[PDB]
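Here the structure comes first, spelled out in structure tokens, and everything after it is commentary.
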2 protein chains.
Amino acid sequence: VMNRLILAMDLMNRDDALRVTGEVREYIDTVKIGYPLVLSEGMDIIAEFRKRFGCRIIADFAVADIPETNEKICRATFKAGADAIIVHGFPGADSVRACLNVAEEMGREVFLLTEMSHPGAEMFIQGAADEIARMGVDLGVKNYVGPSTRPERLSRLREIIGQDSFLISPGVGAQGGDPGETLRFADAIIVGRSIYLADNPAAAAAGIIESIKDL
Amino acid sequence: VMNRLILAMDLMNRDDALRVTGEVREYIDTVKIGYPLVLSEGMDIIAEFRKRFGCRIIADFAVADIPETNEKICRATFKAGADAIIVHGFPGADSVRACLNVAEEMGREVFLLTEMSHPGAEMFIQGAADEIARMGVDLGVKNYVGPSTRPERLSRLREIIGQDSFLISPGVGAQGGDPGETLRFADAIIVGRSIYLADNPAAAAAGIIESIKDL
Ligand SMILES: CCOC(=O)c1cc(=O)[nH]c(=O)n1[C@@H]1O[C@H](COP(=O)(O)O)[C@@H](O)[C@H]1O
Ligand SMILES: CCOC(=O)c1cc(=O)[nH]c(=O)n1[C@@H]1O[C@H](COP(=O)(O)O)[C@@H](O)[C@H]1O
């Protein structure tokens, strides 16, 4: 992805989300849109962004339901124009496979969320995360999400998935993660608040990128 | 809830969802709306149903993100008129607490999803589910979701949460669960396909209810 930087656009107002995304578009080719924006402004926001900005859109829907419901969510999401969808692995292999099947049908991609970045991830997800990643490998998943806040975990994830899999990583900036350290293991970093709450989002993005280029 | 039966309205077309819900409304007072319908028709569908049918709406959004994102999802969902939201416990206590805080702010309810009903739930969720339920109890959660497909698990869940907590249970009918057995432990059952794919949804609902009344 451009500059190895993915914007997490979690503003909840269309006007603010369009302003910030336009201001930083010279520095990214990929925007992650989640439920904060979609549930406030509608699924049509995905195609609007995709067209306006000529970006890739990752729908961060943390998909975490039974196979039949996951199927439906994925189909609605790809019908709305998303390039990829983020799926939890904790519901197990049939739930993941359901999403992979729809992505295969519709020519899209699944990202498997393996271990989360926030403190509560230590309670239950972290102990399962290596197995969740191995399950991904055995299902043929090629794209993964793991935590900037724990680069030792992010290194173990990378070890499981191999060098050819694509790994993106949230938790940079606001949550405490570091761009450069995270990019030792991840292919791209996700950044939300450190850019979209900045007084100058373009300057915030540019500053991050200047630290990425130095790598 | 009326007749201890909650409709899972996972049709993806507004006209079909309104037809079926209207046909079975004499038999329920509570509809569960999830992402299949909301991502196809918009969040406005919640208030439309709530008003048209004078039902309670549970937003089944399987909320499974970091605390700050969960906050945003909950606020958008309650702003849309939902009475309650379903939240995963697997992301840990801070993610759950974030949802509880918004519900307290907005006079709404959280349901904690503890153990899922599909086969893949055995991989990772089932081994954590008793702890997830105990975490719920220690956070003050009063409403829970557990699986009709495993009534021995559903009994253990009930044992943890006590007799005063409210427990609802999906997996009845299509997934193999039985109404009467499930209602030995759950206060209400969730039913989707066995009603909404039936040639006569009202007759399907009535048949289920006639088996519930016999209990
Ligand atoms: C939960 C599914 O989505 C994610 O991508 C995600 C997983 C995770 O472990 N950590 C994480 O922060 N994210 C998401 O990535 C974004 C992080 O934004 P920020 O902390 O503001 O830089 C935000 O949308 C959050 O919901
Ligand atoms: C995943 C969050 O939501 C749920 O309520 C849920 C959890 C679970 O373990 N099992 C389960 O079936 N559900 C939901 O409950 C509904 C079951 O519908 P059905 O099987 O058609 O009777 C459906 O919306 C499904 O997504």
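Residues are named by chain letter and number: chains run A, B, ... in the order of the structure tokens, numbers start at 1 in each chain, and ligands are numbered from 1 in the order shown.
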
- Task: With a distance cut-off of 6 Å and only C-alpha atoms, select the neighbouring residues of range 55-71 of chain A, excluding the residue or stretch itself and same-chain residues fewer than 6 positions from it, and output the selection as a list in words.
- Result: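 Within the cut-off, the hits are residues 29, 30, 31, 32, 33, 34, 82, 83, 84, 85, 86, 87, 88, 95, 98 and 99 of chain A; 118 of chain B.
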
How would the residues just chosen look if you wrote them out with C-alpha atoms as a short mmCIF file (atom, residue, chain, number, x, y, z; two decimals), in the first residue's frame?
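And here's part14.cif as it stands now:
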```cif
data_model
loop_
_atom_site.label_atom_id
_atom_site.label_comp_id
_atom_site.auth_asym_id
_atom_site.auth_seq_id
_atom_site.Cartn_x
_atom_site.Cartn_y
_atom_site.Cartn_z
CA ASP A 29 -3.82 4.39 -1.40
CA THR A 30 -5.93 2.50 1.13
CA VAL A 31 -8.62 3.48 3.64
CA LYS A 32 -10.07 1.22 6.32
CA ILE A 33 -13.77 2.03 6.92
CA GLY A 34 -15.51 0.43 9.88
CA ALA A 82 -15.36 -3.00 -0.51
CA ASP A 83 -12.07 -4.52 -1.73
CA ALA A 84 -11.54 -6.58 1.40
CA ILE A 85 -13.16 -7.38 4.72
CA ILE A 86 -11.64 -8.01 8.18
CA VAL A 87 -12.84 -11.22 9.83
CA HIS A 88 -12.24 -12.52 13.37
CA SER A 95 -16.95 -18.99 10.22
CA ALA A 98 -17.76 -18.88 4.96
CA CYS A 99 -16.13 -15.49 4.42
CA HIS B 118 -22.12 -23.19 15.45
#
```

- Could you pull out the strand (DSSP E) residues of range 4-209 of chain B from DSSP and send them as a PyMOL selection string? chain B and resi 5-9+30-34+56-63+84-88+109-113+143-145+166-169+188-191

- Distance filter 8 Å, only C-alpha atoms, chain A against chain B, as a PyMOL selection string: chain A and resi 35-36+39-40+42-43+62+64-67+69+72-73+76-77+90-95+116-125+128

- Query: Which residue out of B:165, B:114, B:3, B:155 has the minimum interatomic distance to ligand 2 when only C-alpha atoms and all ligand atoms are used?
  - Reply: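 Of all the options, B:114 lies closest to ligand 2.
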
- Item | Residue nearest residue 215 in chain B - candidates B:108, B:193, B:150, B:184, atoms counted: only C-alpha atoms |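 Smallest distance to residue 215 in chain B is found for B:184.
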
- Among range 34-201 of chain A, which ones does DSSP place in helix (DSSP H, G or I), written as a PyMOL selection string? chain A and resi 35-41+44-53+67-79+93-106+119-122+125-139+151-161+179-182+193-196+201

- Item | Residue contacts of residue 23 in chain A (10 Å, only C-alpha atoms) excluding same-chain residues fewer than 6 positions away, as a PyMOL selection string | chain A and resi 17+196+200-203+205

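CA of residue 53 in chain A sits 9.2 Å away from CA of residue 18 in chain A.
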
- Compare B:24, B:5, B:172, B:161 by their minimum atom-to-atom distance to ligand 2, counting only C-alpha atoms and all ligand atoms, and give me the closest one.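 Once distances to ligand 2 are computed over only C-alpha atoms and all ligand atoms, the minimum belongs to B:172.
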
- Task: Could you check which of B:133, B:113, B:46, B:206 is closest to ligand 2, using only C-alpha atoms and all ligand atoms?
- Result: B:113

- Task: Check the smallest atom-to-atom distance from each of B:28, B:154, B:138, B:78 to residue 54 in chain B using only C-alpha atoms, then report the winner.
- Result: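 Of all the options, B:28 lies closest to residue 54 in chain B.
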
- Task: Quote the spacing between CA of residue 213 in chain B and CA of residue 170 in chain B in Å to one decimal place.
- Result: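 Atom-to-atom, CA of residue 213 in chain B and CA of residue 170 in chain B are spaced 18.7 Å apart.
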
- Between CA of residue 111 in chain A and CA of residue 102 in chain B, measure the distance and give it in Å to one decimal.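 The value is 28.7 Å.
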
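Using only C-alpha atoms and all ligand atoms, the smallest distance between any of A:163, A:211, A:148, A:182 and ligand 1 comes from A:148.
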